[PDB]
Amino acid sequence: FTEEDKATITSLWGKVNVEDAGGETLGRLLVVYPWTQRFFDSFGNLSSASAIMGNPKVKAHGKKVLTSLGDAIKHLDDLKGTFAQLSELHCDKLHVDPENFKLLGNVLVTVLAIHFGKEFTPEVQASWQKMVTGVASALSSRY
């Protein structure tokens, strides 16, 4: 991360509605990459796009995911250490293949593009791609 990257990530995040973006990110993950629904069977009916997007448990979990990412922004130079425990959880207990961490990151970037429009410039995106690359690599570290 450059200092420009850190400022862009911190700045943009201060404008994100975490509950809205979190539910939209997790919902889109489940719609766009449908095998990811297997990890969330306890959330109920995930059988159609609109059933996923209106599911209250999807929205609540998405808020928790993005809250964890927001907390990591205060530790941008130690994402590995920040996510070490969650890396173990997703590997040893949840058995999430690490390719899916990249997918979640790319969905988050598309949701930021939806929310911010023209303000999500190519330069702003490039800082956020570094963010989701680093998050995915940190969550994959204990695999």
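Heads up: residue numbers just count along the shown sequence, starting at 1.
Averaging only over Cα atoms, indicate whether 77-85 or 26-34 has the higher B-factor in the PDB entry.
It is 77-85 that shows the higher mean C-alpha B-factor.
Reading the B-factor column of the entry, which of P98, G62, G117, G105 has the highest value at its C-alpha atom?
Max CA B-factor in the entry, restricted to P98, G62, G117, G105: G117.
When the deposited Cα B-factors of this chain's modelled residues are ordered and cut into thirds, is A7 in the lowest, the middle or the highest one?
Answer is highest: the recorded C-alpha B-factor places it there.
In terms of the CA temperature factor given in the entry, to which third of its chain does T133 belong: lowest, middle or highest?
Its C-alpha B-factor, which the entry lists for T133, ranks in the lowest third among residues of this chain.
Report the third (lowest, middle or highest) to which the CA temperature factor of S47 belongs, ranking only the modelled residues of the same chain.
Its C-alpha B-factor belongs to the highest third of this chain's values.
Would you mind ranking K93 by its C-alpha B-factor against the rest of the chain and naming the third, lowest, middle or highest?
Highest third.
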